[PDB]
Amino acid sequence: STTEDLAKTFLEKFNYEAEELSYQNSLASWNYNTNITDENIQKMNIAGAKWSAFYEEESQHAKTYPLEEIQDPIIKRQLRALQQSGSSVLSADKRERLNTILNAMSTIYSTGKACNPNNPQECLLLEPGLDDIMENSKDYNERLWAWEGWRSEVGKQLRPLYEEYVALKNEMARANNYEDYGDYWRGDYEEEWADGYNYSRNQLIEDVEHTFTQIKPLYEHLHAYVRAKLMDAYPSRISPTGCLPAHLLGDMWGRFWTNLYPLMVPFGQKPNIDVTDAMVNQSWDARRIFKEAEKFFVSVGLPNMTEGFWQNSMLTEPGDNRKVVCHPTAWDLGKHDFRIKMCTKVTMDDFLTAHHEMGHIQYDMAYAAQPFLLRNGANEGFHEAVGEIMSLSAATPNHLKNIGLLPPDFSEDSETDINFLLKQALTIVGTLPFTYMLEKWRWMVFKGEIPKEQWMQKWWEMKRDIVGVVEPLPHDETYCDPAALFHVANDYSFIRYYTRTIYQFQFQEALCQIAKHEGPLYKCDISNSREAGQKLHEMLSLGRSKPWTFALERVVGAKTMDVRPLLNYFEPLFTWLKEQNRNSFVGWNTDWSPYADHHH
Ligand SMILES: *[C@@H]1O[C@H](CO)[C@@H](O)[C@H](O)[C@H]1NC(C)=O
Ligand SMILES: *[C@@H]1O[C@H](CO)[C@@H](O)[C@H](O)[C@H]1NC(C)=O
Ligand SMILES: *[C@@H]1O[C@H](CO)[C@@H](O)[C@H](O)[C@H]1NC(C)=O
Ligand SMILES: [Zn+2]
């Protein structure tokens, strides 16, 4: 009769149908990831077709029920998520063309090669060959031709495809009643109605801009320390007051600075804590690693893994030449079928990864009772934030002593802690300006504030100003350097890596006060605190049933993202960096470049 009554029955039928078809799609995809065979690609592709064809029919039919006539919030949330459409709103020719461009850009990125200018037979793909150069080489000229060749040979192919990509995607978003494709992506953070828990799409822009201005002091001192250490690694190549050359940052793009750590170890005589040998000396195996990760979550008041987890997960590589995807992943297939697939080895890195991935499973187990459409993180950044904080506590010397991987008399060393915090900052802090500037450029491109004749001009002006990074060779508009990163060429939003990092330290600081942690935040271990786990479970069980502002408030008492917990975590490093940069310039001029030696 009423519109809300009709939609309530519609959503119930949808949930049970989606439960069955999505389960078969996840099961088929799982059977491929654990048994790579052409047949398993076919059965996986059939499962994706039925599930996608079902979702398109149900999404269109959801538009029959006007939201204005729906009053219940839970029915309203499910309906809105289902009414949201994508490429289907375009006419058939524009829809076909966009799919053709998406496939083209993806295959160019995964099959494009750059050839060695000195050895023209050596032409390398990115993922094996070019990454190896950009992640391990210490030679200025070898990193240069890999950085330049990847953008001149592959990036220039993507430039005309990306220009049509922006126009077609902008039309798709506007037909969905958004301003542009950037406003469309920022809808992922939109929360529509509540008791002040609302969140406009424009609010994400301000919160990102506001939190970033507070990051800049810490980043500049990290930038200043890295610069002084890179001048020694590359003599006469880097200006002491200028920007960092883009091809010397540890990867193809400067996304993370982790691989610069061996060039700038604060105290090279102190080795970092590595409990691999203690694991091997105590005869640990992959099963013990996940039993210990399971024990950790039990210590904080969370349940054990299900019987299905232990019987169906692939915790080791099979080794009968069953070709397998070894990327560590946590699977919620539905129907309370939780599995982890990772080729675990007896190391400390996989030990930390096991806690990280099981944290994903704990999240999945928590919101299992929610309706189908509401079984996800509060927003796109919550799941990885929950997983990361698990790795923070499990890696602490306090937690390693309690499980017997460190001696009971183990004494902590500040120089060792500084080595730990710097390596963390090269990964965590170094990526925040990169991520923020990349998404800002995309947002401005989608909006039209950067015309096509200025794409590359504004790319490197923003790279210089915001990131303190300078291109080693001048790039005109025949280039498309942003498209040379996976997430840009493969049509993935990128701001999630920014927000996830803010969220995870908000979670950590909140739970560490509940866990009664005294002292610096980076030493906190939430182990054995059932109050910390019970508070976190309050939010995990919400899934996506409540606004993400509400879910964030339940753990940390604040309704919006706050970078001060992040700065608090790195405050001991901030103090050490400021004293190390006393005789070094902090900041950068945007006038210098390696193709032009001028400071004004
Ligand atoms: C792997 O796939 C092949 C072909 O699809 C199949 O014959 C085999 O039984 C599978 N192995 C396992 C362990 O599922
Ligand atoms: C919620 O809506 C009010 C109404 O104008 C607005 O002032 C406020 O900024 C909104 N909150 C968020 C987080 O967007
Ligand atoms: C988890 O399993 C262990 C081992 O049997 C058991 O002692 C413990 O009580 C279990 N915890 C929960 C919450 O079920
Ligand atoms: Zn993760």
Side-chain angles (χ1 to χ4, degrees), residues 26-36 40 44 127-128 131 135 251 255-256 258-259 274-276 279-280 284-297 302 304-306 308-334 337-366 376-377 380-395 399-400 403 405 423-424 427-428 431 486-487 490 492 496-497 500-501 503-504 540:
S26 306
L27 181 67
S29 177
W30 169 273
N31 280 324
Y32 165 70
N33 271 263
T34 51
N35 192 0
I36 299 175
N40 287 330
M44 176 192 181
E127 280 273 303
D131 284 339
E135 293 179 359
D251 65 2
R255 186 187 175 191
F256 308 108
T258 310
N259 297 325
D274 198 344
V275 293
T276 54
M279 285 176 191
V280 186
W284 282 34
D285 56 352
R287 179 174 176 89
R288 176 67 180 275
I289 293 178
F290 286 92
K291 287 297 192 297
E292 290 291 340
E294 170 177 74
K295 275 201 207 78
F296 166 78
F297 292 101
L302 294 176
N304 278 308
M305 297 285 94
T306 65
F309 174 89
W310 290 113
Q311 55 190 10
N312 303 314
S313 299
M314 193 213 73
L315 303 184
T316 63
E317 186 164 358
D320 51 16
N321 253 32
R322 208 197 309 175
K323 188 60 61 182
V324 113
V325 184
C326 275
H327 178 75
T329 160
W331 285 65
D332 180 11
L333 288 80
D337 193 345
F338 313 97
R339 307 181 196 190
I340 283 186
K341 176 188 64 59
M342 63 174 292
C343 303
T344 304
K345 311 178 188 322
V346 189
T347 69
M348 180 174 180
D349 290 330
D350 288 6
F351 171 87
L352 298 182
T353 297
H355 290 66
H356 171 104
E357 295 300 323
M358 188 170 293
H360 284 320
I361 298 296
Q362 287 288 349
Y363 208 161
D364 300 331
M365 293 172 54
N376 217 327
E380 62 180 15
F382 263 58
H383 244 282
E384 289 294 331
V386 172
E388 290 298 333
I389 71 174
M390 303 314 182
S391 298
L392 282 173
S393 284
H399 178 258
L400 299 178
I403 59 175
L405 289 187
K423 185 164 168 58
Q424 286 282 88
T427 304
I428 292 169
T431 199
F486 173 85
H487 302 57
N490 290 265
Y492 287 107
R496 74 189 74 188
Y497 304 104
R500 182 268 297 170
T501 302
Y503 292 151
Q504 76 177 54
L540 306 174

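Only this structure's heavy atoms are used, side chains among them; waters, hydrogens and symmetry mates stay out. Position 1 is the first residue of the sequence, and the numbers go up from there.
- Applying the side chain to side chain donor-acceptor pair (under 3.5 Å) criterion to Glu384, with sequence neighbours excluded, gives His356, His360.
- The ring-ring contact (aromatic ring centres under 6.0 Å, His included) check on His355 picks up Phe296, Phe351, with sequence neighbours excluded.
- You'll find the side chain of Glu388 stays beyond 4.5 Å of the side chain of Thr501, heavy atoms only.
- Within the 4.5 Å cutoff, the side chain of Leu400 has heavy atoms near those of the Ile403 side chain.
- Taking all atoms of both residues into account, the shortest heavy-atom contact from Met390 to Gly359 is CG-CA, 4.3 Å.
- Partners of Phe290 under the ring-ring contact (aromatic ring centres under 6.0 Å, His included) rule, at least two apart in sequence or in another chain, do not exist in this structure.
- A search for salt bridge (charged side-chain N to carboxylate O under 4.0 Å, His left out) contacts involving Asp337 returns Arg339, not counting sequence neighbours.
- In this structure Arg500 satisfies the side chain to side chain donor-acceptor pair (under 3.5 Å) test together with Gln504, sequence neighbours excluded.
- If you take CD1 on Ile289 and CH2 on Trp284, they are separated by 7.0 Å, rounding to the nearest 0.5 Å.
- Pairing each heavy atom of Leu333 with each of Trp30, the nearest pair is CD2-CB, 4.3 Å.
- A pairwise comparison of heavy atoms in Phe338 and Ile361 identifies CB-CG2, 3.9 Å as the closest pair.
- Remark: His487 pairs with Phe494, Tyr497 by the ring-ring contact (aromatic ring centres under 6.0 Å, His included) rule, at least two apart or across chains.
- At least one side-chain heavy atom of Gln362 sits under 4.5 Å from a side-chain heavy atom of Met305.
- Side-chain contact between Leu405 and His399: absent, with no pair of heavy atoms (C-beta onward) separated by less than 4.5 Å.
- Judged as a side chain to side chain contact (heavy atoms under 4.5 Å, CB included), and not counting sequence neighbours, the contacts of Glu135 are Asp131, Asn259.
- The backbone N or O of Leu315 sits less than 3.5 Å from a side-chain atom of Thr344, completing a donor-acceptor pair.
- Residue pairs meeting the side chain to side chain donor-acceptor pair (under 3.5 Å) criterion with at least one partner in residues 286-295, sequence neighbours excluded, are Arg288-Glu292, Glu292-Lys295, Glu294-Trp310.
- For the pair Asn40 and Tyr32, the tightest heavy-atom approach, listed with the atom from each and the gap, is O-CB, 3.8 Å.
- From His383, atom NE2 reaches atom OH of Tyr503 across 14.5 Å, with rounding to the nearest 0.5 Å.
- Of all non-hydrogen atoms in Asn35 and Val324, the two that sit nearest each other are N-CG2, 4.5 Å.
- The closest donor-acceptor contact from the side chain of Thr276 to the backbone of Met348 lies at 3.5 Å or more, if one exists at all.
- The list of side chain to side chain donor-acceptor pair (under 3.5 Å) pairs with a residue in residues 320-331, not counting sequence neighbours, reads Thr329-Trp331.
- For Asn31, the side chain to side chain contact (heavy atoms under 4.5 Å, CB included) partners two or more places apart in sequence, or in a different chain, are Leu27.
- The minimum heavy-atom distance between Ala293 and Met358, with the atom names listed, is C-SD, 3.7 Å.
- The line from CE of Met279 to CG of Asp285 is 12.0 Å long, rounded to the nearest 0.5 Å.
- In this structure, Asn33 CG and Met44 CE are separated by 6.5 Å, a value rounded to the nearest 0.5 Å.
- Under the rule for a side chain to side chain donor-acceptor pair (under 3.5 Å), the partners of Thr427 that lie at least two apart in sequence or sit in another chain are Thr258.
- Among residues at least two apart or in separate chains, there is no salt bridge (charged side-chain N to carboxylate O under 4.0 Å, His left out) pair with a member in residues 342-362.
- The distance from the CG atom of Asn304 to the CZ atom of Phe309 is 11.0 Å, given to the nearest 0.5 Å.
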